[PDB]
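Enquirer: Dropping the structure in here first, questions after.
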Amino acid sequence: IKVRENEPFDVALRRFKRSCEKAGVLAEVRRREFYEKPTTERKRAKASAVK
Amino acid sequence: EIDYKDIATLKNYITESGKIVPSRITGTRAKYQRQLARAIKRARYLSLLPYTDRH
Amino acid sequence: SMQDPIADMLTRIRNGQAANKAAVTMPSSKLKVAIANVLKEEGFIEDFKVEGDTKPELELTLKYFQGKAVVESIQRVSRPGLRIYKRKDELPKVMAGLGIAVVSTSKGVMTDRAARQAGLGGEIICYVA
Amino acid sequence: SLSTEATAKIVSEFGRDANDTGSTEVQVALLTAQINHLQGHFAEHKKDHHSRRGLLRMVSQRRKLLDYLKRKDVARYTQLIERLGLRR
Amino acid sequence: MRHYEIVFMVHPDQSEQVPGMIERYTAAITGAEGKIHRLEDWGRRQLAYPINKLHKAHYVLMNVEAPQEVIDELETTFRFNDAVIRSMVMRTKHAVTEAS
RNA sequence: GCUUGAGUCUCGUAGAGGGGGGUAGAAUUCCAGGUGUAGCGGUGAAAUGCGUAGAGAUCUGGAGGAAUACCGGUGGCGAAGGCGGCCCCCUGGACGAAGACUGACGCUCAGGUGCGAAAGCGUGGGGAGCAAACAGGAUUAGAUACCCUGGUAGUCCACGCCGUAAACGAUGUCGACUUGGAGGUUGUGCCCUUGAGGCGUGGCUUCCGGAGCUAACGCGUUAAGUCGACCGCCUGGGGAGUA
Ligand SMILES: [Mg+2]
Ligand SMILES: [Mg+2]
Ligand SMILES: [Mg+2]
Ligand SMILES: [Mg+2]
Ligand SMILES: [Mg+2]
Ligand SMILES: [Mg+2]
Ligand SMILES: [Mg+2]
Ligand SMILES: [Mg+2]
Ligand SMILES: [Mg+2]
Ligand SMILES: [Mg+2]
Ligand SMILES: [Mg+2]
Ligand SMILES: [Mg+2]
Ligand SMILES: [Mg+2]
Ligand SMILES: [Mg+2]
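For the record, the sequence lines run as chains F, Z, S, W and E. Numbering-wise, the working numbering puts 41 at position 41 of the first sequence, and it's gapless, one number per residue. The working numbering runs 1000 ahead of the 1-based position in the second sequence. The working numbering runs 2000 ahead of the 1-based position in the third sequence. The working numbering runs 3000 ahead of the 1-based position in the fourth sequence. The working numbering runs 4000 ahead of the 1-based position in the fifth sequence.
As structure tokens, then:
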């Protein structure tokens, strides 16, 4: 979220943003409510994540 | 874990952001990941820990 | 719910058998015994055994001939829901003679072969071949 | 769910010695006790439909145990409902 | 008799009323023959986020054994009382000592 | 009469089980103000819409309603419906460890009764966001749509109606019996606690898989296997869950 990054380097170095926010909870909340269908959606996040 | 007052042991179960850390990272047991959260929550309510890095 | 003990026998056998299991136990009773008898007598099991006083416990030894088991089919015939009673002239004869039908008469728990000889009838407990 | 204190007191009050915990008479009173208590719980609230199931349960139970006793010792039975105060 | 953890936070300006407060809540609980198994005047501590505006605030940990009644009034007086900007009476499960 | 079925008692354990009251932070909308200046917003592209009465953007202080990120999980709880911030109060069930009481007090259940998602109805309240209706803007041959700008009921609370869902595991309840393997969860006994453990012994659950079963698909000790007790229900499609 935050980066100090003091002296030597003009490279952004903010790969932290790909560690939480962004398309994370922000693609999530962006649209169709869901409500019970995430249930189904996450039942593939495990019907897959078994192997 | 054993308590919310343990902001010490506690502070190594949350990200910079303040967000609780999944059990799949901590390798924490089950029973305890709950004891943990329920104490981090408590710590959050009692201004003993931020909900947010906004503060 | 344990409302038919005899089927629980007929079946503890049936299963244990199909599971090529040597032994088999269960809570006993006079009625269980008298049948284990006919099963031994007529030779569908090695021998029975009741071990205990407070809470008696039928124990049966299963026979196996070739690879197969000796009991090809054990089936209840009477039962709580629907009881059966054949006279003497109407007693059944399983597998055309081969195998047998347990039956309880006023003179004890016999086979069809028996009860026919005994000249009387009873409740046909179950079939066994 | 009914103090160890009170629960004990009733065993003591209905069965033989304490320890005669499962005496017909004693269960009936032990339930009775809880049932009645519960009336004030469901007075307030009323919407507590789930917990209500447990209470009805309580009564299906007692009602069954009471029926049993009556078949056994109607004397013990009569005494019991006079003593608890139910049937009307 | 039930235990509770309990801990409130007094507004800085109203710090000086903390001694009397504890004095009071104690005499209130002991009053109904309830034990007082811990007490810890954590004093002005700094806050994780600001709250009611204003940072830092006086803390008071205090484990107790008392009837579910004096516990009630306590919870309310924490409302009646503006000076207390948070409180939280907790769990139970037997007394406790020292920790922190 | 019996004690194993079933009950009761002691102690604990886990839990989004139920009901009530408090309370928190993040966001959104809105009100007031600082700064700031001509665009914002929206789409596939647009337009309606919003902004020179200063919008959007940014900072600050407020108000209100709604839902509770992370934890979070083939995790958990309940009879089904369904139940996710945190705290207290009230309360149901479940489970486990010892023994102790009761002594078949059980199982199932037409009728009956209770419960029962969302939408819907009645009275008051409440109303941020969403959104049937409806209005506008597009698209299209047409566009009563999908898209966009708006937006009412409703979605929220109390009280009371309604009683239905693909209310599904499309698998009634209970009981006994029948090879295994890898997990998740949650109790409990023992072990130089000498390990973040070692071996056991329960309840629950996910995935495979054996016999067996199956039209096949598949199920497979949580059976759709082997058996019993009771209940519900089916009897070609349409007509009709209608008259
Ligand atoms: Mg009999
Ligand atoms: Mg805000
Ligand atoms: Mg603001
Ligand atoms: Mg409970
Ligand atoms: Mg109803
Ligand atoms: Mg509704
Ligand atoms: Mg209404
Ligand atoms: Mg619209
Ligand atoms: Mg229907
Ligand atoms: Mg379903
Ligand atoms: Mg297995
Ligand atoms: Mg399988
Ligand atoms: Mg079956
Ligand atoms: Mg009709």
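Backbone N, C-alpha and C fix where the C-beta goes; we use that ideal spot for every residue, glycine too.
Between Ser1017 (chain Z) and chain F, is any beta-carbon pair separated by less than 8 Å?
Expert: It does; some Cβ of chain F falls within 8 Å.
Enquirer: Comparing the C-beta of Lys22 (chain F) with each C-beta of chain Z, is any distance below 8 Å?
Expert: By this cut-off, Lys22 (chain F) is not an interface position.
Enquirer: So, for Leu1046 (chain Z): in the same chain, excluding its five sequence neighbours on each side, which residues have a beta-carbon less than 8 Å away from its beta-carbon?
Expert: Only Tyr1004 meet the Cβ criterion.
Enquirer: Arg4086 (chain E) touches chain Z at which residues, Cβ-Cβ below 8 Å?
Expert: Within chain Z, the residues near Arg4086 (chain E) are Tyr1045, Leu1046, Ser1047.
Enquirer: Does the distance from the C-beta atom of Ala4057 (chain E) to that of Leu4047 (chain E) stay below 8 Å?
Expert: It is a contact, given that the beta carbons lie within the stated cut-off.
Enquirer: What's the C-alpha gap between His3049 (chain W) and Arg3062 (chain W)?
Expert: Taking the straight line from one Cα to the other gives about 20 Å.
Enquirer: Taking 7 Å as the limit between beta carbons, can you name the residues of its chain near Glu2042 (chain S), skipping five residues before and five after?
Expert: These residues qualify, in order along the chain: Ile2100, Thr2111.
Enquirer: On the three-state DSSP scale, how would you describe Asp3067 (chain W)?
Expert: Helix.
Enquirer: Could you tell me which uninterrupted alpha helix (DSSP H) segments, each at least 4 residues in length, are contained entirely in the segment 2001-2057 of chain S, listed from first to last along the chain?
Expert: Whole alpha helix (DSSP H) segments, 4+ residues: 2005-2018, 2030-2041.
Enquirer: Count the other CB atoms within 10 Å of the CB of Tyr3077 (chain W); is the residue buried (16 or more) or exposed (fewer)?
Expert: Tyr3077 (chain W) comes out buried.
Enquirer: Using 8 Å for Cβ pairs, my map puts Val2103 (chain S) next to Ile2035 (chain S). What's the rounded Cβ distance?
Expert: Going by Cβ atoms, the distance from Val2103 (chain S) to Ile2035 (chain S) rounds to 10 Å, so no, they are not a contact pair.
Enquirer: List the whole-angstrom C-beta distance separating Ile2125 (chain S) from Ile2074 (chain S), where the pair is believed to meet the contact cut-off of C-beta under 8 Å.
Expert: Actually they are not in contact, since the Cβ atoms of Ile2125 (chain S) and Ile2074 (chain S) sit about 11 Å apart, beyond 8 Å.
Enquirer: Taking the runs of the beta strand (DSSP E) that are 3 residues or longer, which of them lie wholly in the segment 4015-4081 of chain E?
Expert: Whole beta strand (DSSP E) segments, 3+ residues: 4040-4045, 4057-4061, 4064-4066.
Enquirer: If we count the other Cβ atoms within 10 Å of its Cβ and call it buried at 16 or more, is residue 4103 (chain E) buried or exposed?
Expert: An answer regarding residue 4103 (chain E) cannot be provided, because it is not within the stretch 4001 to 4100 covered by chain E.
Enquirer: For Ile4051 (chain E), decide whether its Cβ has a neighbour in chain Z, counting only Cβ atoms nearer than 8 Å.
Expert: Interface residue, yes.
Enquirer: Taking DSSP's pairing of strands, which residues face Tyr4004 (chain E) in a bridge?
Expert: Partner(s): E:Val4064.
Enquirer: Under 7 Å Cβ to Cβ from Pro4067 (chain E), same chain only, skipping five residues before and after it: list those, please.
Expert: So the qualifying residues of the chain are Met4001, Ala4032, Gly4034.
Enquirer: List the DSSP bridge partners of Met4009 (chain E).
Expert: In the DSSP output, where bridge partners are listed per residue, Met4009 (chain E) has E:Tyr4059, E:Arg4086.
Enquirer: Given a cut-off of 8 Å, decide if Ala2115 (chain S) and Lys2088 (chain S) are closer than it, judged by their beta-carbon atoms.
Expert: Cβ distance < 8 Å, so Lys2088 (chain S) and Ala2115 (chain S) count as in contact.
Enquirer: Identify the continuous alpha helix (DSSP H) that holds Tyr2127 (chain S) and give its terminal residues.
Expert: Not the alpha helix (DSSP H): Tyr2127 (chain S) falls in the beta strand (DSSP E), residues 2122-2128.
Enquirer: Within the 8 Å Cβ cut-off, does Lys46 (chain F) reach chain Z?
Expert: No, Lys46 (chain F) lies away from the interface with chain Z (no Cβ there is under 8 Å from its Cβ).
Enquirer: With DSSP as the reference, label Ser2104 (chain S) as helix, strand or coil.
Expert: Residue state, collapsed to three classes: strand.
Enquirer: Restricting to Cα atoms, I'd like to know which of S:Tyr2085, S:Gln2017, S:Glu2057, S:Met2002 is closest to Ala2069 (chain S).
Expert: Residue S:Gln2017 is the option with its Cα nearest to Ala2069 (chain S).
Enquirer: So, using beta-carbon positions, are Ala2019 (chain S) and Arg2076 (chain S) closer together than 8 Å?
Expert: For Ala2019 (chain S) and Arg2076 (chain S), no; Cβs fall outside 8 Å.
Enquirer: Rounding to the nearest angstrom, what Cα-Cα distance links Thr2054 (chain S) and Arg1029 (chain Z) in this structure?
Expert: Their backbone Cα atoms lie some 47 Å apart in a straight line.
Enquirer: Have a look at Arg2079 (chain S) and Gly3022 (chain W) and give me their C-alpha separation to the nearest angstrom.
Expert: Computed Cα separation, rounded: 34 Å.
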